[PDB]
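K.L.:
Structure provided below as structure tokens; questions to follow.
In this analysis, Cβ positions are derived from the backbone assuming ideal geometry, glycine residues included, and neighbour counts consider all displayed protein chains. Please treat every number below as a calculation from the coordinates, not as lab data.
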Amino acid sequence: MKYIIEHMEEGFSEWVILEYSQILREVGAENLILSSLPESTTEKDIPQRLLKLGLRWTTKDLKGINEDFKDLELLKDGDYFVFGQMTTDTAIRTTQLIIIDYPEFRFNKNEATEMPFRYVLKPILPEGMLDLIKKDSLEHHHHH
Amino acid sequence: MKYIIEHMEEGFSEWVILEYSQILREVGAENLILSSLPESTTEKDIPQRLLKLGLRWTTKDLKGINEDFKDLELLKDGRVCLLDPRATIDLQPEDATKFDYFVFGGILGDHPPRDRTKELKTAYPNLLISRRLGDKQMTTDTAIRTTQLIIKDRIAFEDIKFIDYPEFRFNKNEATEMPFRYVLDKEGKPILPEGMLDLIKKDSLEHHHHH
Ligand code: NI
Ligand code: NI
Ligand code: NI
Ligand code: NI
């Protein structure tokens, strides 16, 4: 299975960079395509971390993918899996498997954050995601 | 007095950036050093706000600071104070002649449990003298403000006006308690870093539980 992700909004959040990086490291650059990027986009609009991993991306929609990437299997009516709750990397991780819900992460200094998604468990996160979650977690506090 | 904070963790959380920024604005960039940063740290890892404020940092421990920052006075044995919650002697105004540096030991995880105070003292048994700052936990910026009041202004701990565990109410159904002792300003309000109350308010609007 190959994966297509529509990324239309401008710029790449750190969250998304970590997610796409994990996906690339798990299925490989030949199995992921970003489609429908803003017309503005050139190759320095793309994060260096993603470029280093060989990210396939285009401004064309998913039907223009075979136009831009001649080494890919044609998109046929009715092989590919498209992203128009799980995180995107979790969703892809499970699909790979086939072919814990609302986990609470507890950190140092009495901090904790629960994440509003289902995850795969020996929870699997993109590399660096735990640090990013920690980064937005507020100092030890009590809700009254 | 100069301040050393062991920052022995990857990353800078937003609340930590606000606290460090407040410390830098208060004591100055020449008087704060972050030490024992993860070995992989480069300037690119330091928040832009802190770089612009002149933050000094090193991956070396506190005994490597003088080598990295040649303008600083030497760390001298017995003249470096370690904040120590297990100590009984509070920092007093008379300690101002005794200490040149005040150290916040790193806070590490529970895997495995570590006693950073004992690690530091075992590494450098001639170096550190323990002091307490009262019997209630403070945020780092509050601890530094408190130390300034005691050492610079010569105000004894028992004469500083504090509030313990202030509660910040954002509406009739939501309030947040910060489980720390804070210094009061002259209007009777706890002194928080710029932006911190906003951050607390932002968290209040987000998903949370009360049990
Ligand atoms: Ni309570
Ligand atoms: Ni609430
Ligand atoms: Ni909260
Ligand atoms: Ni919940």
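K.L.:
Any idea which of A:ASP71, A:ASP89, A:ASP136, A:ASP77 is more than 14 Å from chain B (Cβ to nearest Cβ) and either under 22 Å from the mean Cα position of the chain (by Cα) or closer than 30 Å to B:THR142 by Cα (or both)?
P.N.:
Of the residues listed, the single one that is more than 14 Å from chain B (Cβ to nearest Cβ) and either under 22 Å from the mean Cα position of the chain (by Cα) or closer than 30 Å to B:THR142 by Cα (or both) is A:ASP89.
K.L.:
Out of the residues in the stretch A:96-128 meeting the condition of being more than 14 Å from chain B (Cβ to nearest Cβ) and touching a strand residue (DSSP E or B) at 6+ places or on another chain (Cβ under 6 Å), tell me which one is surrounded by the most Cβ atoms within 10 Å (Cβ to Cβ).
P.N.:
A:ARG118
K.L.:
Kindly evaluate B:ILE155 against the criterion of being out of contact with any strand residue (DSSP E or B) (no Cβ under 6 Å at 6 or more places or on another chain), more than 12 Å from chain A (Cβ to nearest Cβ) and at negative phi.
P.N.:
Numbers: out of contact with any strand residue (DSSP E or B) (no Cβ under 6 Å at 6 or more places or on another chain): yes; more than 12 Å from chain A (Cβ to nearest Cβ): yes; at negative phi: yes.
Here the answer is yes, as B:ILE155 does meet what is asked.
K.L.:
Still on this structure: Which of the residues spanning the stretch B:176-196 are within 13 Å of chain A (Cβ to nearest Cβ) and either over 14 Å from B:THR139 (Cα atoms) or among the polar types (S, T, N, Q) (or both)?
P.N.:
Correct list: B:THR176, B:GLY195.
K.L.:
Let me ask something else about it. Report whether or not A:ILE23 is of a type in the set (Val, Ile, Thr) and not in a helix (DSSP H, G or I).
P.N.:
Taking the combined requirement at face value, the residue does not satisfy it.
K.L.:
Can you name the residue in the stretch B:42-76 that is of a type in the set (S, T, N, Q) and over 30 Å from B:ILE191 (Cβ atoms) and is also surrounded by the most Cβ atoms within 10 Å (Cβ to Cβ) among such residues?
P.N.:
Step by step, filter the stretch B:42-76, then rank; the result is B:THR59.
K.L.:
Can you name the number of the only condition in (1) more than 16 Å from ligand 4 (Cβ to nearest atom); (2) of a type outside the set (A, V, I, L, M); (3) surrounded by 14 or more Cβ atoms within 10 Å (Cβ to Cβ); (4) within 14 Å of another protein chain (Cβ to nearest Cβ) that B:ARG131 fails?
P.N.:
Answer for B:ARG131: the failing condition is (4).
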